[PDB]
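Q: You'll find entry.pdb just under this line, and it carries PDB, C-alpha atoms (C1' of nucleotides).
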```
ATOM      1  CA  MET A   1       1.725 -58.941  17.838  1.00  0.00           C
ATOM      2  CA  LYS A   2       3.147 -58.760  14.371  1.00  0.00           C
ATOM      3  CA  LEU A   3       6.650 -57.635  13.487  1.00  0.00           C
ATOM      4  CA  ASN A   4       7.247 -55.841  10.201  1.00  0.00           C
ATOM      5  CA  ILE A   5      10.957 -56.398   9.643  1.00  0.00           C
ATOM      6  CA  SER A   6      12.907 -55.144   6.659  1.00  0.00           C
ATOM      7  CA  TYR A   7      16.447 -55.403   5.326  1.00  0.00           C
ATOM      8  CA  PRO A   8      17.373 -52.352   3.302  1.00  0.00           C
ATOM      9  CA  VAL A   9      20.493 -53.747   1.658  1.00  0.00           C
ATOM     10  CA  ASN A  10      19.005 -56.700  -0.121  1.00  0.00           C
ATOM     11  CA  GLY A  11      15.783 -54.747  -0.130  1.00  0.00           C
ATOM     12  CA  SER A  12      13.719 -57.652   1.058  1.00  0.00           C
ATOM     13  CA  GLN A  13      11.312 -57.609   3.965  1.00  0.00           C
ATOM     14  CA  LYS A  14       9.295 -60.122   5.921  1.00  0.00           C
ATOM     15  CA  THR A  15       6.706 -60.067   8.655  1.00  0.00           C
ATOM     16  CA  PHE A  16       6.892 -62.110  11.810  1.00  0.00           C
ATOM     17  CA  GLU A  17       4.473 -63.291  14.457  1.00  0.00           C
ATOM     18  CA  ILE A  18       5.368 -63.867  18.109  1.00  0.00           C
ATOM     19  CA  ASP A  19       3.082 -64.892  20.929  1.00  0.00           C
ATOM     20  CA  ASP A  20       4.638 -64.979  24.412  1.00  0.00           C
ATOM     21  CA  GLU A  21       5.185 -62.130  26.832  1.00  0.00           C
ATOM     22  CA  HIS A  22       8.734 -62.033  28.057  1.00  0.00           C
ATOM     23  CA  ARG A  23      10.517 -61.671  24.755  1.00  0.00           C
ATOM     24  CA  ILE A  24       8.542 -58.527  24.001  1.00  0.00           C
ATOM     25  CA  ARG A  25       9.383 -56.261  26.923  1.00  0.00           C
ATOM     26  CA  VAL A  26      12.854 -55.440  25.608  1.00  0.00           C
ATOM     27  CA  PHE A  27      10.902 -53.230  23.205  1.00  0.00           C
ATOM     28  CA  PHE A  28       8.872 -51.594  25.951  1.00  0.00           C
ATOM     29  CA  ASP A  29       9.147 -47.967  27.094  1.00  0.00           C
ATOM     30  CA  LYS A  30      11.191 -46.996  24.037  1.00  0.00           C
ATOM     31  CA  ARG A  31      10.635 -44.070  21.731  1.00  0.00           C
ATOM     32  CA  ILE A  32      11.304 -44.731  18.080  1.00  0.00           C
ATOM     33  CA  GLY A  33      14.741 -43.994  16.757  1.00  0.00           C
ATOM     34  CA  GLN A  34      16.831 -46.330  18.884  1.00  0.00           C
ATOM     35  CA  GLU A  35      18.181 -49.845  18.682  1.00  0.00           C
ATOM     36  CA  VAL A  36      17.712 -53.162  20.413  1.00  0.00           C
ATOM     37  CA  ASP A  37      19.409 -56.554  20.275  1.00  0.00           C
ATOM     38  CA  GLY A  38      17.699 -59.632  18.897  1.00  0.00           C
ATOM     39  CA  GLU A  39      19.370 -61.973  21.366  1.00  0.00           C
ATOM     40  CA  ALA A  40      16.915 -60.666  23.932  1.00  0.00           C
ATOM     41  CA  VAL A  41      14.137 -62.122  21.763  1.00  0.00           C
ATOM     42  CA  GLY A  42      15.505 -64.572  19.243  1.00  0.00           C
ATOM     43  CA  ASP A  43      17.878 -67.489  19.117  1.00  0.00           C
ATOM     44  CA  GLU A  44      17.570 -66.936  15.389  1.00  0.00           C
ATOM     45  CA  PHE A  45      18.410 -63.288  16.106  1.00  0.00           C
ATOM     46  CA  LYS A  46      21.842 -63.659  17.659  1.00  0.00           C
ATOM     47  CA  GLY A  47      23.983 -60.588  17.079  1.00  0.00           C
ATOM     48  CA  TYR A  48      21.291 -58.696  15.211  1.00  0.00           C
ATOM     49  CA  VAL A  49      20.908 -54.941  15.571  1.00  0.00           C
ATOM     50  CA  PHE A  50      17.508 -53.362  15.027  1.00  0.00           C
ATOM     51  CA  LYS A  51      15.780 -49.998  14.973  1.00  0.00           C
ATOM     52  CA  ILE A  52      12.142 -49.106  15.497  1.00  0.00           C
ATOM     53  CA  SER A  53      10.345 -46.861  13.052  1.00  0.00           C
ATOM     54  CA  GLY A  54       6.558 -47.026  13.424  1.00  0.00           C
ATOM     55  CA  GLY A  55       3.500 -48.933  14.447  1.00  0.00           C
ATOM     56  CA  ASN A  56      -0.260 -49.208  14.594  1.00  0.00           C
ATOM     57  CA  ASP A  57      -2.407 -49.969  17.620  1.00  0.00           C
ATOM     58  CA  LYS A  58      -5.414 -52.253  17.974  1.00  0.00           C
TER      59      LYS A  58
ATOM     60  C1'   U B   1      -8.687 -51.493  11.857  1.00  0.00           C
ATOM     61  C1'   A B   2     -16.016 -53.745  12.495  1.00  0.00           C
ATOM     62  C1'   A B   3     -15.442 -49.556  10.046  1.00  0.00           C
ATOM     63  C1'   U B   4     -15.068 -43.326   5.935  1.00  0.00           C
ATOM     64  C1'   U B   5     -12.479 -40.062  -0.419  1.00  0.00           C
ATOM     65  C1'   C B   6      -8.157 -43.525   6.846  1.00  0.00           C
ATOM     66  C1'   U B   7      -3.266 -44.518   5.996  1.00  0.00           C
ATOM     67  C1'   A B   8       2.363 -46.743   8.179  1.00  0.00           C
ATOM     68  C1'   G B   9       7.251 -48.801   7.316  1.00  0.00           C
ATOM     69  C1'   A B  10      11.203 -50.183   3.183  1.00  0.00           C
ATOM     70  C1'   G B  11      12.867 -49.475  -2.046  1.00  0.00           C
ATOM     71  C1'   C B  12      13.272 -46.556  -7.174  1.00  0.00           C
ATOM     72  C1'   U B  13      13.296 -41.815 -11.292  1.00  0.00           C
ATOM     73  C1'   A B  14      11.544 -36.665 -13.860  1.00  0.00           C
ATOM     74  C1'   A B  15       9.968 -30.842 -14.437  1.00  0.00           C
ATOM     75  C1'   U B  16       7.761 -24.193 -16.864  1.00  0.00           C
ATOM     76  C1'   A B  17       7.750 -28.124  -9.301  1.00  0.00           C
ATOM     77  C1'   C B  18      11.727 -26.641  -5.363  1.00  0.00           C
ATOM     78  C1'   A B  19      17.013 -24.441  -4.475  1.00  0.00           C
ATOM     79  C1'   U B  20      21.061 -21.992  -6.854  1.00  0.00           C
ATOM     80  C1'   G B  21      23.905 -19.386 -10.750  1.00  0.00           C
ATOM     81  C1'   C B  22      27.558 -16.988 -15.719  1.00  0.00           C
ATOM     82  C1'   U B  23      27.490 -14.232 -20.220  1.00  0.00           C
ATOM     83  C1'   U B  24      27.909  -8.230 -23.576  1.00  0.00           C
ATOM     84  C1'   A B  25      28.763  -2.206 -27.569  1.00  0.00           C
ATOM     85  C1'   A B  26      31.186   2.020 -27.039  1.00  0.00           C
ATOM     86  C1'   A B  27      30.686   6.740 -24.799  1.00  0.00           C
ATOM     87  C1'   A B  28      30.513  10.334 -21.058  1.00  0.00           C
ATOM     88  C1'   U B  29      30.656  12.204 -15.887  1.00  0.00           C
ATOM     89  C1'   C B  30      32.074  12.069 -10.904  1.00  0.00           C
ATOM     90  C1'   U B  31      34.796  11.678  -6.799  1.00  0.00           C
ATOM     91  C1'   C B  32      39.818  10.009  -4.763  1.00  0.00           C
ATOM     92  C1'   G B  33      44.302  11.066  -5.778  1.00  0.00           C
ATOM     93  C1'   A B  34      51.227   8.355  -7.548  1.00  0.00           C
ATOM     94  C1'   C B  35      53.918  11.889  -9.268  1.00  0.00           C
ATOM     95  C1'   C B  36      55.309  16.786 -11.349  1.00  0.00           C
ATOM     96  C1'   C B  37      57.380  21.898 -10.159  1.00  0.00           C
ATOM     97  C1'   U B  38      55.582  25.172 -10.490  1.00  0.00           C
ATOM     98  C1'   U B  39      52.690  29.180 -11.823  1.00  0.00           C
ATOM     99  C1'   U B  40      47.031  31.305 -11.939  1.00  0.00           C
ATOM    100  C1'   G B  41      49.413  24.476 -12.319  1.00  0.00           C
ATOM    101  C1'   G B  42      48.374  19.656 -14.540  1.00  0.00           C
ATOM    102  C1'   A B  43      48.230  14.439 -13.663  1.00  0.00           C
ATOM    103  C1'   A B  44      49.115   8.590 -13.836  1.00  0.00           C
ATOM    104  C1'   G B  45      46.163   5.322 -11.569  1.00  0.00           C
ATOM    105  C1'   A B  46      41.844   3.821  -8.901  1.00  0.00           C
ATOM    106  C1'   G B  47      36.707   3.223  -7.935  1.00  0.00           C
ATOM    107  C1'   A B  48      31.357   4.820  -8.628  1.00  0.00           C
ATOM    108  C1'   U B  49      27.121   4.867 -11.491  1.00  0.00           C
ATOM    109  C1'   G B  50      20.422  -0.516 -14.496  1.00  0.00           C
ATOM    110  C1'   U B  51      15.876  -1.099 -12.037  1.00  0.00           C
ATOM    111  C1'   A B  52      13.107  -1.865  -7.402  1.00  0.00           C
ATOM    112  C1'   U B  53      12.901  -0.863  -1.666  1.00  0.00           C
ATOM    113  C1'   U B  54      13.113   3.432   2.718  1.00  0.00           C
ATOM    114  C1'   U B  55      14.573   8.573   4.385  1.00  0.00           C
ATOM    115  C1'   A B  56      16.537  13.604   3.559  1.00  0.00           C
ATOM    116  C1'   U B  57      17.634  17.764   0.383  1.00  0.00           C
ATOM    117  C1'   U B  58      17.586  20.707  -4.656  1.00  0.00           C
ATOM    118  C1'   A B  59      15.158  21.640 -10.348  1.00  0.00           C
ATOM    119  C1'   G B  60      10.188  21.532 -11.692  1.00  0.00           C
ATOM    120  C1'   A B  61      10.816  29.554 -14.678  1.00  0.00           C
ATOM    121  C1'   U B  62       7.360  33.045 -16.661  1.00  0.00           C
ATOM    122  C1'   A B  63       2.895  40.177 -15.996  1.00  0.00           C
ATOM    123  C1'   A B  64       6.982  46.093 -18.840  1.00  0.00           C
ATOM    124  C1'   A B  65      11.861  49.243 -19.769  1.00  0.00           C
ATOM    125  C1'   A B  66      17.581  51.550 -18.603  1.00  0.00           C
ATOM    126  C1'   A B  67      21.923  52.496 -15.752  1.00  0.00           C
ATOM    127  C1'   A B  68      25.763  52.991 -11.637  1.00  0.00           C
ATOM    128  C1'   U B  69      28.160  48.891  -9.491  1.00  0.00           C
ATOM    129  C1'   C B  70      31.869  44.205  -6.929  1.00  0.00           C
ATOM    130  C1'   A B  71      34.952  41.185  -9.469  1.00  0.00           C
ATOM    131  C1'   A B  72      35.424  36.939 -12.657  1.00  0.00           C
ATOM    132  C1'   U B  73      35.682  35.139 -17.242  1.00  0.00           C
ATOM    133  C1'   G B  74      33.387  32.764 -23.587  1.00  0.00           C
ATOM    134  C1'   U B  75      35.642  35.659 -27.052  1.00  0.00           C
ATOM    135  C1'   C B  76      38.615  40.344 -31.514  1.00  0.00           C
ATOM    136  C1'   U B  77      42.336  40.736 -26.952  1.00  0.00           C
ATOM    137  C1'   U B  78      41.219  46.536 -27.621  1.00  0.00           C
ATOM    138  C1'   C B  79      45.406  41.530 -21.662  1.00  0.00           C
ATOM    139  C1'   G B  80      40.969  47.156 -20.743  1.00  0.00           C
ATOM    140  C1'   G B  81      38.772  42.404 -19.290  1.00  0.00           C
ATOM    141  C1'   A B  82      34.066  45.945 -21.585  1.00  0.00           C
ATOM    142  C1'   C B  83      31.314  42.062 -23.778  1.00  0.00           C
TER     143        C B  83
END
```
Can you give me the file's structure in the form of structure tokens?
A:
Amino acid sequence: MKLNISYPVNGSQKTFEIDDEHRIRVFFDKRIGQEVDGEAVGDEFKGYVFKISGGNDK
RNA sequence: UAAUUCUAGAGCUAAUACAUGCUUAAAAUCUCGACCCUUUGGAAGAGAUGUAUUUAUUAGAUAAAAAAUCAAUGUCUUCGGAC
């Protein structure tokens, strides 16, 4: 599953690709318009606050 | 996404698009009525009046002559009020 991630202060954006299962399910059962924490998924994402704003299925 | 004039997230800037919003003659006429001190009174001041919407109520005259009359008045006053 891809991850279209964007930073709207610098204006840059970057995609990301992750493969396992257990890091994903923090996202699960969430409507869009709320936040998560990247420490649940990423050691490179310590302290990071997100928000979910769209997707596309298979 | 195998795919069709399929489309998602993030970042910019316009209008005869979208949303708001000022300017201006003088006159007249109505209602309210500070006061006034009086007869038969007259008055400051105030506000109202574009067009469009809806309802109610008036004008939108007309076939041929002259008095008596109830008063009011325009007027020469003829202080009669006839006209």
Q: Just checking: using all atoms listed in the file, which residue out of A:18, A:26, A:36, A:52 ends up closest to chain B?
A: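 Using all atoms listed in the file, chain B sits closest to A:52.
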Q: Could you please determine the separation between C1' of residue 10 in chain B and CA of residue 43 in chain A in Å, to one decimal place?
A: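 Straight-line distance from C1' of residue 10 in chain B to CA of residue 43 in chain A works out to 24.5 Å.
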Q: Can you check which parts of chain A lie within 10 Å of chain B? Per residue, the shortest pair of atoms and distance in Å to one decimal, counting only C-alpha atoms (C1' of nucleotides), sorted by chain and number, as JSON lines.
A:
```
{"residue": "A:4", "atom": "CA", "partner": "B:9", "partner_atom": "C1'", "distance": 7.6}
{"residue": "A:5", "atom": "CA", "partner": "B:9", "partner_atom": "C1'", "distance": 8.8}
{"residue": "A:6", "atom": "CA", "partner": "B:10", "partner_atom": "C1'", "distance": 6.3}
{"residue": "A:7", "atom": "CA", "partner": "B:10", "partner_atom": "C1'", "distance": 7.7}
{"residue": "A:8", "atom": "CA", "partner": "B:10", "partner_atom": "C1'", "distance": 6.5}
{"residue": "A:9", "atom": "CA", "partner": "B:11", "partner_atom": "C1'", "distance": 9.5}
{"residue": "A:10", "atom": "CA", "partner": "B:11", "partner_atom": "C1'", "distance": 9.7}
{"residue": "A:11", "atom": "CA", "partner": "B:11", "partner_atom": "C1'", "distance": 6.3}
{"residue": "A:12", "atom": "CA", "partner": "B:10", "partner_atom": "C1'", "distance": 8.2}
{"residue": "A:13", "atom": "CA", "partner": "B:10", "partner_atom": "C1'", "distance": 7.5}
{"residue": "A:52", "atom": "CA", "partner": "B:9", "partner_atom": "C1'", "distance": 9.5}
{"residue": "A:53", "atom": "CA", "partner": "B:9", "partner_atom": "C1'", "distance": 6.8}
{"residue": "A:54", "atom": "CA", "partner": "B:9", "partner_atom": "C1'", "distance": 6.4}
{"residue": "A:55", "atom": "CA", "partner": "B:8", "partner_atom": "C1'", "distance": 6.7}
{"residue": "A:56", "atom": "CA", "partner": "B:8", "partner_atom": "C1'", "distance": 7.4}
{"residue": "A:57", "atom": "CA", "partner": "B:1", "partner_atom": "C1'", "distance": 8.7}
{"residue": "A:58", "atom": "CA", "partner": "B:1", "partner_atom": "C1'", "distance": 7.0}
```
Q: Quick one: residues within 12 Å of residue 32 in chain B, all atoms listed in the file, excluding same-chain residues fewer than 5 positions away - as a list in words?
A: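 Close residues of residue 32 in chain B: residues 45, 46, 47 and 48 of chain B.
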Q: Around the point (11.7, -50.7, 22.2), in the coordinates given by the file, pick out the residues reaching within 12 Å, counting all atoms listed in the file, and return them as a list in words.
A: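 All residues meeting the 12 Å criterion around (11.7, -50.7, 22.2) are residues 23, 24, 25, 26, 27, 28, 29, 30, 31, 32, 33, 34, 35, 36, 37, 38, 40, 41, 50, 51, 52, 53, 54 and 55 of chain A.
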Q: Mind pulling up the distance from CA of residue 49 in chain A to CA of residue 20 in chain A?
A: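 CA of residue 49 in chain A lies at a distance of 21.1 Å from CA of residue 20 in chain A.
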Q: To one decimal place in Å, what is the distance between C1' of residue 54 in chain B and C1' of residue 20 in chain B?
A: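 Answer for the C1' of residue 54 in chain B to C1' of residue 20 in chain B separation: 28.3 Å.
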Q: Once the PyMOL selection byres ((chain B and resi 34) around 8) is applied to the coordinates I shared, what remains selected? I want it as JSON, numbers by chain.
A: {"B": [33, 35, 44, 45]}
Q: Assuming 3 Å of padding per side, give the centre and edge lengths of the axis-aligned box around every listed atom of range 21-35 of chain B, in Å to one decimal and as AutoDock Vina command-line options.
A:
```
--center_x 38.9 --center_y -3.6 --center_z -16.2 --size_x 36.0 --size_y 37.6 --size_z 28.8
```
Q: Expand the PyMOL selection byres ((chain B and resi 62-73) around 12) into the individual residues it matches in the shown file, reporting them as a ChimeraX atom specification.
A: /B:61,74-75,81-83
